[PDB]
Amino acid sequence: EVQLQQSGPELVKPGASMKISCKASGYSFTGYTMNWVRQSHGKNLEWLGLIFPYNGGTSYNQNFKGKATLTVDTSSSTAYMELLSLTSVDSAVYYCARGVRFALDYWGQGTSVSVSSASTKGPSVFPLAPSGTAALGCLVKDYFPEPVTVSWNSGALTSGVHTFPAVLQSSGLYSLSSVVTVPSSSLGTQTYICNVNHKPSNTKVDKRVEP
Amino acid sequence: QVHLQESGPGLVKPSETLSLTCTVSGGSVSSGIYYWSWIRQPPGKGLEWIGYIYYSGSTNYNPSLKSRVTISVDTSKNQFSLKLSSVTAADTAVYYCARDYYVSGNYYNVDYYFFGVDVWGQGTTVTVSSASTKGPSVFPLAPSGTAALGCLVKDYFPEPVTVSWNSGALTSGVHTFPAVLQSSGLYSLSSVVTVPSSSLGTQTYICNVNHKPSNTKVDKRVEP
Amino acid sequence: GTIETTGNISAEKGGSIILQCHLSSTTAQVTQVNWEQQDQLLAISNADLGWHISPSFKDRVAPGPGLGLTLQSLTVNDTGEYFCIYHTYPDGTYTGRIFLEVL
Amino acid sequence: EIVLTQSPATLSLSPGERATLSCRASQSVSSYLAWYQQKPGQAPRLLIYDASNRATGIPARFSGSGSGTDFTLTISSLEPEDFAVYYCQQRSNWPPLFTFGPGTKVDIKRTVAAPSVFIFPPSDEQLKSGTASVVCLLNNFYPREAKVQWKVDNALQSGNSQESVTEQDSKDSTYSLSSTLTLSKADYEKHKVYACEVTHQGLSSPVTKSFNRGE
Amino acid sequence: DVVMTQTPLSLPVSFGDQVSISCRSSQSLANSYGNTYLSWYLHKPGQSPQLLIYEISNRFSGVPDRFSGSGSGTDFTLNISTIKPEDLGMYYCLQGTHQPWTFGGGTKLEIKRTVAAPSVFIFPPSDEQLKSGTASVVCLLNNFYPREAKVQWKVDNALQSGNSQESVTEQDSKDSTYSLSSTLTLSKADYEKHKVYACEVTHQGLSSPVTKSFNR
């Protein structure tokens, strides 16, 4: 039916400007307005503007004057959005969505755009050492960009594992901690190894966590 | 209501530059609705547009004059001005500052100027000449049913001369004739008023002659 | 100073729509109201002189009601956002926004 | 270039009559034309803008019409205060820009009115000047055609007088004319009777008004 | 701009319940023709936002009948007849009657369960991390509910501030609890200038706050 495919994710440095695409199919592309929504921090939604592809007319949320530019190529049913002079505050997911009587009835899958001045860097992995149940873990510190994967005992240990979301440090790099609750009786007998992998830098680490 | 007022000298020597100023009242020269224009009218001929200025400073001049015209705006004095350089006798005229209407550059479907020049100043006469200013001599035209009395305003240059009676009070029956140019090259002019004969003994009549180009004013009482 | 508008409107082809604005909470006097889109002039209501209606719209725009205007014979090409620009004495500039959708 | 032309250059109509004035453009200027009125001694006033829209407050007898290259201002019922020159102005983006026409002057036709004649002898302040100016006043007459003859001791003076005629009054539509006779104090103190002879449609007989030096 | 205040921002719920979300608009969302452009949207974690109900009460093609919308003027309501595990996610109201279009704050539907206490652990920095000049002190809250949790770092009973970050997991698939990591970050200079490092947790499942601490 109505399908809206957006372009892939992009990491850019601040000051740069990039163009998101939205290829429409399944309806008369010029008979409906093409809207654009920003999704910040996973939670907050913001209407950015729209373009009426029949005549090219644009309307913009004036809270974001000069941040975006909307264009269309009607011969390819593609809508475009140029984000300008990007900063970290503009790191978000930007949605394509069709407009019908002031509601948005069909959405694109979203385009995650990341803005950072960091350079690729693999993580350092430090042990959260344990002192009935005993908590141990690994601290995966100072890597860029996302993501990193943490397994325990090469996939064998999976129960009681908690890998928290990564948090961006003020340095521009991420950090992450993976813990597992284990029995107290097993601290001396069972070895525990967190396996960390950061593909952006081809970094694989295995850290044994000792009492 | 917006009221515009011109000022500046009435005599300008050849090759020097004419400078006028328009002061806006009852409104702001910064208002984004308007073009602030200058329009001139040489004696006995039609109206010619000079140029306008927008409060942002942008201008648009008459191409036949743009080599010598510079219009400027001062937003804090609520004034805008005209400078016209290297003047000749072809520049002798009455110069009006006026008000026109701004056309946004965003209108792709507007290739015209809407509305019109709806507010004008009083206009000031500037004459380009090498001669010095000469104030007029004023003589009585003495009255002998209804009586005629007046003032002869003789030998002045340049124009204009305005004549009022009893400092603006006397209005009805006042006739101020067009100036004529004499063999001398100086202008001369007469202003008359029809008055009841009954009044001549009681009511006094004084012509107030004003010649601004020379900063002279003459009050002449007329009596039998 | 604030401007309240009709609110976004959905209309059908051949229909008629009123675009109106109201200037509230201000001690300012309205000298002129420009009705415009991002690139074209529809009409101007000037307090001293009267209405002007751009030739592009003279067939299908009538002045009024009040400081608004009425569109006749709506086409799909009308779909867009319309601006009521209020030019007040003498500071000026208050702006209202109304999007019209046709089909 | 856009070239504006106005015809007639002069109309002469009675109060209550219909005046139609024409403005024409070398090439089309669509609706982008305004009409202005200018009365003697005053600045123009905007009557009509964008071809057919009368300005607010303008009397309703003024109305504009036309398009392209042919435009018309109509004063549907002439009033005497409408004595004025009327200009069109082109308001498009074509090269000359804000060009005004040459104008049409509308005269007011009234009934015949004979002039009231006055003669003024030179002021005694002006006799110390060394020149003597004698003024003859023809007041509130119509039509304009009038001839003034100066007789100094019944010697038709010639080549030493100047005539100035006012412009038509706004209320009663009349003219007035001064004729000034300029002499040297020498020649003035050598003759005795100075007479101004006025002939005009409104007089059955030519009128003479005169004085004798030392009145 | 219209401000759409949405209520509540989070709602732990039981499958089979009847949920109601209210959206409250700072001014009328009706145009001069009586059309009210208010729509409700749903964003499940794995997917793109989908329209549920438009113009107050109209149900979009394909939406189950449990979803219904009511209200008028400046307060609107979303009704869910029976919540299924697939109805969880974030819900948004949107007004398009006034430029610019503004969204609600969003309501997140969660899984309700009984109070459960966190197991608190504190981890000191490793000797390997200290070799490079920074000290990361980690405090772990394990398997608690509700999400309300206050963690206070005390370094020699010096209430800390600004030098720690938190991270929380989503509700666990099996027991719908939360776990939370609080990481205190110091330089090695500051870290070895003090002795006692404490983590103090206040949570509904603990009768009185719990402090786990270590000596450097």
# chains A, B, ... in the order shown; residues from 1 in each chain; ligands from 1
call {"tool": "select_by_dssp", "arguments": {"residues": "range 66-122 of chain E", "states": "strand (DSSP E)", "output": "PyMOL selection string"}}
result
chain E and resi 67-72+75-80+89-95+102-103+107-111+119-122
call {"tool": "write_last_selection", "arguments": {"atoms": "C-alpha atoms", "output": "PDB file, in the first residue's frame"}}
result
ATOM      1  CA  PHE E  67      -9.216   2.167  20.321  1.00  0.00           C
ATOM      2  CA  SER E  68     -11.757   4.983  20.542  1.00  0.00           C
ATOM      3  CA  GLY E  69     -11.481   8.737  20.936  1.00  0.00           C
ATOM      4  CA  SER E  70     -13.711  11.327  22.565  1.00  0.00           C
ATOM      5  CA  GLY E  71     -13.628  14.866  23.931  1.00  0.00           C
ATOM      6  CA  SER E  72     -14.155  18.362  22.596  1.00  0.00           C
ATOM      7  CA  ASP E  75      -9.597  18.280  26.461  1.00  0.00           C
ATOM      8  CA  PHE E  76      -9.619  14.976  24.580  1.00  0.00           C
ATOM      9  CA  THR E  77      -9.446  11.341  25.648  1.00  0.00           C
ATOM     10  CA  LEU E  78      -8.170   8.064  24.193  1.00  0.00           C
ATOM     11  CA  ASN E  79      -9.969   4.888  25.300  1.00  0.00           C
ATOM     12  CA  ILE E  80      -8.490   1.384  25.045  1.00  0.00           C
ATOM     13  CA  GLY E  89       4.430   1.768  23.796  1.00  0.00           C
ATOM     14  CA  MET E  90       4.296   5.549  23.640  1.00  0.00           C
ATOM     15  CA  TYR E  91       1.119   7.417  22.692  1.00  0.00           C
ATOM     16  CA  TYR E  92       0.976  10.960  21.327  1.00  0.00           C
ATOM     17  CA  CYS E  93      -1.779  13.474  20.682  1.00  0.00           C
ATOM     18  CA  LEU E  94      -1.265  15.949  17.844  1.00  0.00           C
ATOM     19  CA  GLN E  95      -3.135  19.172  16.907  1.00  0.00           C
ATOM     20  CA  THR E 102       2.424  20.637  18.050  1.00  0.00           C
ATOM     21  CA  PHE E 103       2.533  17.196  19.661  1.00  0.00           C
ATOM     22  CA  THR E 107       2.275   8.755  27.428  1.00  0.00           C
ATOM     23  CA  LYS E 108       4.245   5.531  27.958  1.00  0.00           C
ATOM     24  CA  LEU E 109       2.200   2.437  28.803  1.00  0.00           C
ATOM     25  CA  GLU E 110       4.075   0.066  31.119  1.00  0.00           C
ATOM     26  CA  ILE E 111       3.452  -3.224  32.937  1.00  0.00           C
ATOM     27  CA  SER E 119      19.542  -5.305  45.483  1.00  0.00           C
ATOM     28  CA  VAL E 120      22.177  -2.586  45.893  1.00  0.00           C
ATOM     29  CA  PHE E 121      25.839  -3.160  45.041  1.00  0.00           C
ATOM     30  CA  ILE E 122      28.771  -0.739  44.888  1.00  0.00           C
TER      31      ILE E 122
END
call {"tool": "residues_around", "arguments": {"residues": "range 4-14 of chain D", "least_positions_apart": "4", "cutoff": "12 Å", "atoms": "only C-alpha atoms", "output": "MDAnalysis selection string"}}
result
(chainID B and resid 46) or (chainID D and resid 18:29 33 35 68:73 75:91 96:111 143 168 172:173)
call {"tool": "atom_distance", "arguments": {"atom1": "CA of residue 62 in chain E", "atom2": "CA of residue 88 in chain E"}}
result
17.3 Å
call {"tool": "interface_residues", "arguments": {"of": "chain B", "to": "chain C", "cutoff": "12 Å", "atoms": "only C-alpha atoms", "output": "JSON, numbers by chain"}}
result
{"B": [1, 2, 25, 26, 27, 28, 29, 30, 31, 32, 33, 34, 78, 100, 101, 102, 103, 104, 105, 106, 107, 108, 109, 110, 111, 112, 113, 114, 115, 116, 117, 118, 119]}
call {"tool": "write_last_selection", "arguments": {"atoms": "N, CA, C and O atoms", "output": "compact mmCIF listing (two decimals), in the first residue's frame"}}
result
# COMPACT_ATOMS: atom_id res chain seq x y z
N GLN B 1 -2.63 62.10 11.29
CA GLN B 1 -2.37 62.01 9.81
C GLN B 1 -0.93 62.41 9.52
O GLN B 1 -0.40 63.31 10.16
N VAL B 2 -0.31 61.75 8.55
CA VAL B 2 1.06 62.07 8.18
C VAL B 2 1.11 63.44 7.51
O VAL B 2 0.32 63.72 6.61
N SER B 25 5.74 64.02 10.05
CA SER B 25 4.93 64.26 11.23
C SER B 25 3.80 63.24 11.29
O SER B 25 3.38 62.69 10.28
N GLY B 26 3.31 62.99 12.51
CA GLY B 26 2.18 62.09 12.68
C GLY B 26 2.40 60.71 12.11
O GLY B 26 1.44 60.05 11.71
N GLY B 27 3.65 60.27 12.06
CA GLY B 27 3.98 58.97 11.51
C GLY B 27 5.48 58.79 11.59
O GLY B 27 6.23 59.73 11.88
N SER B 28 5.91 57.56 11.33
CA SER B 28 7.32 57.20 11.41
C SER B 28 7.88 56.96 10.02
O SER B 28 7.27 56.24 9.22
N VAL B 29 9.03 57.57 9.74
CA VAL B 29 9.75 57.28 8.51
C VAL B 29 10.30 55.86 8.48
O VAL B 29 10.71 55.39 7.42
N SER B 30 10.30 55.18 9.63
CA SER B 30 10.74 53.79 9.70
C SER B 30 9.64 52.80 9.32
O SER B 30 9.93 51.61 9.16
N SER B 31 8.40 53.26 9.20
CA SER B 31 7.30 52.37 8.84
C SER B 31 7.63 51.63 7.54
O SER B 31 7.97 52.25 6.53
N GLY B 32 7.51 50.31 7.58
CA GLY B 32 7.81 49.47 6.44
C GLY B 32 6.76 49.44 5.36
O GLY B 32 6.87 48.64 4.43
N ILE B 33 5.74 50.29 5.45
CA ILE B 33 4.69 50.31 4.44
C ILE B 33 5.11 51.13 3.23
O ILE B 33 4.63 50.88 2.11
N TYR B 34 6.00 52.10 3.41
CA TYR B 34 6.10 53.23 2.50
C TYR B 34 7.46 53.34 1.84
O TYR B 34 8.49 52.96 2.40
N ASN B 78 13.63 61.31 12.04
CA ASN B 78 12.37 61.19 11.30
C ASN B 78 12.41 62.02 10.02
O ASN B 78 11.42 62.65 9.64
N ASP B 100 5.03 57.15 -1.01
CA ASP B 100 4.54 56.08 -1.88
C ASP B 100 4.52 54.77 -1.08
O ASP B 100 4.69 54.77 0.13
N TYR B 101 4.31 53.66 -1.78
CA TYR B 101 4.03 52.38 -1.13
C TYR B 101 5.05 51.31 -1.51
O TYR B 101 5.37 51.14 -2.69
N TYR B 102 5.52 50.59 -0.50
CA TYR B 102 6.56 49.58 -0.66
C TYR B 102 5.99 48.31 -1.27
O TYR B 102 4.89 47.87 -0.93
N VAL B 103 6.76 47.71 -2.18
CA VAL B 103 6.40 46.45 -2.83
C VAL B 103 7.47 45.43 -2.44
O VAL B 103 8.64 45.58 -2.81
N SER B 104 7.05 44.40 -1.71
CA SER B 104 7.99 43.39 -1.25
C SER B 104 8.64 42.67 -2.44
O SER B 104 8.00 42.45 -3.47
N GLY B 105 9.91 42.32 -2.28
CA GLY B 105 10.59 41.50 -3.27
C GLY B 105 10.11 40.07 -3.31
O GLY B 105 10.47 39.34 -4.25
N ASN B 106 9.32 39.64 -2.33
CA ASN B 106 8.84 38.27 -2.27
C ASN B 106 7.67 38.00 -3.22
O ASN B 106 7.36 36.83 -3.47
N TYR B 107 7.03 39.04 -3.75
CA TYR B 107 5.86 38.86 -4.61
C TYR B 107 6.32 38.55 -6.02
O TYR B 107 6.70 39.45 -6.78
N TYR B 108 6.29 37.27 -6.40
CA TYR B 108 6.63 36.90 -7.77
C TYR B 108 5.56 37.31 -8.76
O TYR B 108 5.86 37.48 -9.95
N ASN B 109 4.31 37.49 -8.31
CA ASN B 109 3.20 37.81 -9.18
C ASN B 109 2.87 39.30 -9.20
O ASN B 109 1.79 39.69 -9.67
N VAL B 110 3.77 40.15 -8.71
CA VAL B 110 3.56 41.59 -8.66
C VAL B 110 4.72 42.24 -9.40
O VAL B 110 5.84 42.33 -8.88
N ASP B 111 4.45 42.70 -10.62
CA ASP B 111 5.42 43.43 -11.44
C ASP B 111 5.00 44.89 -11.59
O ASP B 111 5.14 45.49 -12.66
N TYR B 112 4.47 45.48 -10.52
CA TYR B 112 3.88 46.81 -10.58
C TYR B 112 4.03 47.48 -9.22
O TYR B 112 4.54 46.89 -8.27
N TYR B 113 3.58 48.73 -9.15
CA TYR B 113 3.54 49.50 -7.91
C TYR B 113 2.08 49.82 -7.61
O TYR B 113 1.44 50.57 -8.35
N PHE B 114 1.56 49.25 -6.53
CA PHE B 114 0.15 49.43 -6.22
C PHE B 114 -0.08 50.75 -5.48
O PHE B 114 0.86 51.43 -5.05
N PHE B 115 -1.35 51.11 -5.36
CA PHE B 115 -1.78 52.35 -4.68
C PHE B 115 -1.18 53.53 -5.45
O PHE B 115 -1.11 53.49 -6.69
N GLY B 116 -0.73 54.58 -4.76
CA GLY B 116 -0.21 55.75 -5.43
C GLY B 116 0.43 56.68 -4.43
O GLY B 116 0.52 56.38 -3.23
N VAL B 117 0.88 57.83 -4.93
CA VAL B 117 1.50 58.86 -4.10
C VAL B 117 0.36 59.61 -3.41
O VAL B 117 -0.26 60.49 -4.00
N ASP B 118 0.09 59.27 -2.15
CA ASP B 118 -1.11 59.76 -1.48
C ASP B 118 -0.86 60.92 -0.52
O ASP B 118 -1.82 61.61 -0.17
N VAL B 119 0.38 61.15 -0.09
CA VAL B 119 0.70 62.28 0.77
C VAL B 119 1.87 63.05 0.15
O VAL B 119 2.88 62.45 -0.22
call {"tool": "closest_residue", "arguments": {"among": "A:169, A:109, A:117, A:69", "to": "chain E", "atoms": "only C-alpha atoms"}}
result
A:109
call {"tool": "residues_around", "arguments": {"residues": "range 18-28 of chain C", "least_positions_apart": "4", "cutoff": "7 Å", "atoms": "only C-alpha atoms", "output": "list in words"}}
result
residues 1, 2, 3, 4, 5, 6, 67, 68, 69, 70, 71, 84, 88, 89 and 96 of chain C
call {"tool": "write_last_selection", "arguments": {"atoms": "C-alpha atoms", "output": "PDB file, in the first residue's frame"}}
result
ATOM      1  CA  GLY C   1       0.421  41.483  20.944  1.00  0.00           C
ATOM      2  CA  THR C   2      -1.132  38.338  19.477  1.00  0.00           C
ATOM      3  CA  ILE C   3      -3.021  37.278  16.349  1.00  0.00           C
ATOM      4  CA  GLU C   4      -5.738  34.623  16.460  1.00  0.00           C
ATOM      5  CA  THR C   5      -6.663  32.920  13.144  1.00  0.00           C
ATOM      6  CA  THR C   6      -9.593  30.891  11.709  1.00  0.00           C
ATOM      7  CA  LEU C  67     -10.072  42.750   7.316  1.00  0.00           C
ATOM      8  CA  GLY C  68     -10.232  39.225   5.844  1.00  0.00           C
ATOM      9  CA  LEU C  69     -10.924  37.986   2.337  1.00  0.00           C
ATOM     10  CA  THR C  70     -13.009  35.325   0.600  1.00  0.00           C
ATOM     11  CA  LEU C  71     -11.716  32.808  -1.953  1.00  0.00           C
ATOM     12  CA  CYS C  84      -2.137  37.946   7.276  1.00  0.00           C
ATOM     13  CA  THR C  88       0.427  48.745  12.930  1.00  0.00           C
ATOM     14  CA  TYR C  89       1.101  52.469  13.715  1.00  0.00           C
ATOM     15  CA  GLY C  96      -0.839  35.221  11.397  1.00  0.00           C
TER      16      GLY C  96
END
call {"tool": "residues_around", "arguments": {"residues": "residue 136 in chain A", "least_positions_apart": "6", "cutoff": "8 Å", "atoms": "only C-alpha atoms", "output": "PyMOL selection string"}}
result
chain A and resi 127-130+179-182+209
call {"tool": "interface_residues", "arguments": {"of": "chain C", "to": "chain E", "cutoff": "9 Å", "atoms": "only C-alpha atoms", "output": "PyMOL selection string"}}
result
chain C and resi 5-10+96-99
call {"tool": "closest_residue", "arguments": {"among": "C:62, C:30, C:74, C:102", "to": "residue 86 in chain C", "atoms": "only C-alpha atoms"}}
result
C:30
call {"tool": "interface_residues", "arguments": {"of": "chain A", "to": "chain E", "cutoff": "8 Å", "atoms": "only C-alpha atoms", "output": "PyMOL selection string"}}
result
chain A and resi 43-47+60-62+101-110+126-130+135+162-167+177
call {"tool": "interface_residues", "arguments": {"of": "chain A", "to": "chain C", "cutoff": "7 Å", "atoms": "only C-alpha atoms", "output": "list in words"}}
result
residues 31, 55, 57, 59 and 101 of chain A
call {"tool": "write_last_selection", "arguments": {"atoms": "C-alpha atoms", "output": "PDB file, in the first residue's frame"}}
result
ATOM      1  CA  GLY A  31      -2.016  14.947  -4.254  1.00  0.00           C
ATOM      2  CA  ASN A  55       3.315  23.049  -6.652  1.00  0.00           C
ATOM      3  CA  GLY A  57       4.934  25.083  -1.657  1.00  0.00           C
ATOM      4  CA  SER A  59       5.468  25.718   5.294  1.00  0.00           C
ATOM      5  CA  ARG A 101      -6.624  16.576   6.587  1.00  0.00           C
TER       6      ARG A 101
END
call {"tool": "atom_distance", "arguments": {"atom1": "CA of residue 207 in chain B", "atom2": "CA of residue 150 in chain B"}}
result
7.4 Å
call {"tool": "residues_around", "arguments": {"residues": "residue 120 in chain A", "least_positions_apart": "4", "cutoff": "9 Å", "atoms": "only C-alpha atoms", "output": "PyMOL selection string"}}
result
chain A and resi 143-145+200-201
call {"tool": "select_by_dssp", "arguments": {"residues": "range 161-202 of chain E", "states": "alpha helix (DSSP H)", "output": "ChimeraX atom specification"}}
result
/E:188-191
call {"tool": "atom_distance", "arguments": {"atom1": "CA of residue 141 in chain B", "atom2": "CA of residue 129 in chain D"}}
result
15.6 Å
call {"tool": "residues_around", "arguments": {"residues": "residue 140 in chain B", "least_positions_apart": "6", "cutoff": "7 Å", "atoms": "only C-alpha atoms", "output": "list in words"}}
result
residues 150, 151, 152, 220 and 222 of chain B; 123 of chain D
call {"tool": "closest_atom_pairs", "arguments": {"of": "chain D", "to": "chain C", "cutoff": "10 Å", "atoms": "only C-alpha atoms", "output": "CSV"}}
result
residue,atom,partner,partner_atom,distance
D:30,CA,C:55,CA,9.4
D:31,CA,C:55,CA,8.4
D:46,CA,C:49,CA,9.4
D:47,CA,C:49,CA,9.7
D:48,CA,C:49,CA,9.6
D:49,CA,C:49,CA,8.8
D:50,CA,C:52,CA,8.0
D:53,CA,C:52,CA,8.2
D:54,CA,C:49,CA,8.1
D:55,CA,C:49,CA,4.9
D:56,CA,C:49,CA,5.1
D:57,CA,C:49,CA,8.4
D:58,CA,C:49,CA,9.6
call {"tool": "write_last_selection", "arguments": {"atoms": "N, CA and C atoms", "output": "tab-separated table (two decimals), in the first residue's frame"}}
result
chain	number	residue	atom	x	y	z
D	30	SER	N	-1.46	47.56	-18.34
D	30	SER	CA	-2.54	46.82	-17.65
D	30	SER	C	-3.27	47.80	-16.72
D	31	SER	N	-3.42	47.49	-15.43
D	31	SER	CA	-4.13	48.30	-14.46
D	31	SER	C	-3.22	49.25	-13.71
D	46	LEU	N	-3.98	62.30	-4.89
D	46	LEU	CA	-4.29	61.03	-5.52
D	46	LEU	C	-5.80	60.81	-5.54
D	47	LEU	N	-6.37	60.65	-6.74
D	47	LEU	CA	-7.79	60.37	-6.91
D	47	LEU	C	-8.05	58.88	-7.10
D	48	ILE	N	-7.44	58.30	-8.14
D	48	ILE	CA	-7.69	56.93	-8.57
D	48	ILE	C	-6.37	56.18	-8.53
D	49	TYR	N	-6.40	54.95	-8.04
D	49	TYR	CA	-5.22	54.09	-8.06
D	49	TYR	C	-5.58	52.75	-8.68
D	50	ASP	N	-4.59	52.13	-9.32
D	50	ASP	CA	-4.77	50.88	-10.04
D	50	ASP	C	-5.99	50.95	-10.96
D	53	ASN	N	-9.84	52.21	-8.96
D	53	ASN	CA	-10.18	52.30	-7.54
D	53	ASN	C	-10.03	53.74	-7.07
D	54	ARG	N	-11.15	54.35	-6.70
D	54	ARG	CA	-11.13	55.69	-6.13
D	54	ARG	C	-10.60	55.65	-4.70
D	55	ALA	N	-9.75	56.61	-4.37
D	55	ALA	CA	-9.22	56.69	-3.01
D	55	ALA	C	-10.32	57.07	-2.03
D	56	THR	N	-10.21	56.56	-0.81
D	56	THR	CA	-11.20	56.86	0.22
D	56	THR	C	-11.27	58.37	0.45
D	57	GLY	N	-12.48	58.86	0.70
D	57	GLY	CA	-12.71	60.27	0.89
D	57	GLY	C	-12.80	61.09	-0.38
D	58	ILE	N	-12.38	60.55	-1.51
D	58	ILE	CA	-12.45	61.32	-2.76
D	58	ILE	C	-13.90	61.43	-3.20
call {"tool": "residues_around", "arguments": {"residues": "residue 141 in chain D", "least_positions_apart": "3", "cutoff": "9 Å", "atoms": "only C-alpha atoms", "output": "CSV table (one decimal) with C-alpha atoms, in the first residue's frame"}}
result
chain,number,residue,atom,x,y,z
D,112,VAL,CA,-20.6,86.6,-18.9
D,113,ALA,CA,-19.4,88.9,-16.1
D,114,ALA,CA,-18.3,92.4,-16.7
D,115,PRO,CA,-15.0,93.5,-15.0
D,116,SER,CA,-15.1,96.0,-12.1
D,138,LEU,CA,-10.0,94.3,-13.8
D,144,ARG,CA,-10.7,86.0,-20.2
D,173,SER,CA,-15.0,80.8,-11.8
D,174,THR,CA,-13.9,84.3,-12.8
D,175,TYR,CA,-10.6,85.8,-13.8
D,176,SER,CA,-8.9,89.1,-12.7
D,177,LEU,CA,-6.2,91.0,-14.6
D,200,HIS,CA,-14.9,93.5,-22.6
D,202,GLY,CA,-19.8,92.2,-20.5
call {"tool": "closest_residue", "arguments": {"among": "B:171, B:58, B:76, B:188", "to": "residue 155 in chain B", "atoms": "only C-alpha atoms"}}
result
B:188
call {"tool": "decode", "arguments": {"residues": "range 150-171 of chain D", "atoms": "C-alpha atoms", "output": "PDB file, in the first residue's frame"}}
result
ATOM      1  CA  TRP D 150      -3.388 103.319 -21.261  1.00  0.00           C
ATOM      2  CA  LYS D 151      -3.873 106.965 -22.261  1.00  0.00           C
ATOM      3  CA  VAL D 152      -1.467 109.562 -20.843  1.00  0.00           C
ATOM      4  CA  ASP D 153      -2.908 112.948 -21.818  1.00  0.00           C
ATOM      5  CA  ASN D 154      -4.824 111.043 -24.505  1.00  0.00           C
ATOM      6  CA  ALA D 155      -1.533 109.682 -25.926  1.00  0.00           C
ATOM      7  CA  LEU D 156      -1.940 105.880 -26.334  1.00  0.00           C
ATOM      8  CA  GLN D 157       1.039 104.556 -24.292  1.00  0.00           C
ATOM      9  CA  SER D 158       2.830 101.679 -26.072  1.00  0.00           C
ATOM     10  CA  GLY D 159       5.537  99.204 -25.124  1.00  0.00           C
ATOM     11  CA  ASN D 160       5.633 100.081 -21.414  1.00  0.00           C
ATOM     12  CA  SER D 161       2.862  97.965 -19.855  1.00  0.00           C
ATOM     13  CA  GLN D 162       2.630  94.349 -18.694  1.00  0.00           C
ATOM     14  CA  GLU D 163      -0.489  92.262 -18.082  1.00  0.00           C
ATOM     15  CA  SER D 164      -0.864  89.518 -15.479  1.00  0.00           C
ATOM     16  CA  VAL D 165      -4.059  87.443 -15.417  1.00  0.00           C
ATOM     17  CA  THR D 166      -5.008  85.341 -12.409  1.00  0.00           C
ATOM     18  CA  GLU D 167      -6.303  81.802 -12.805  1.00  0.00           C
ATOM     19  CA  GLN D 168      -9.967  80.916 -12.686  1.00  0.00           C
ATOM     20  CA  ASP D 169     -11.476  81.264  -9.224  1.00  0.00           C
ATOM     21  CA  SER D 170     -12.556  78.060  -7.514  1.00  0.00           C
ATOM     22  CA  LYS D 171     -15.951  79.358  -6.306  1.00  0.00           C
TER      23      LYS D 171
END
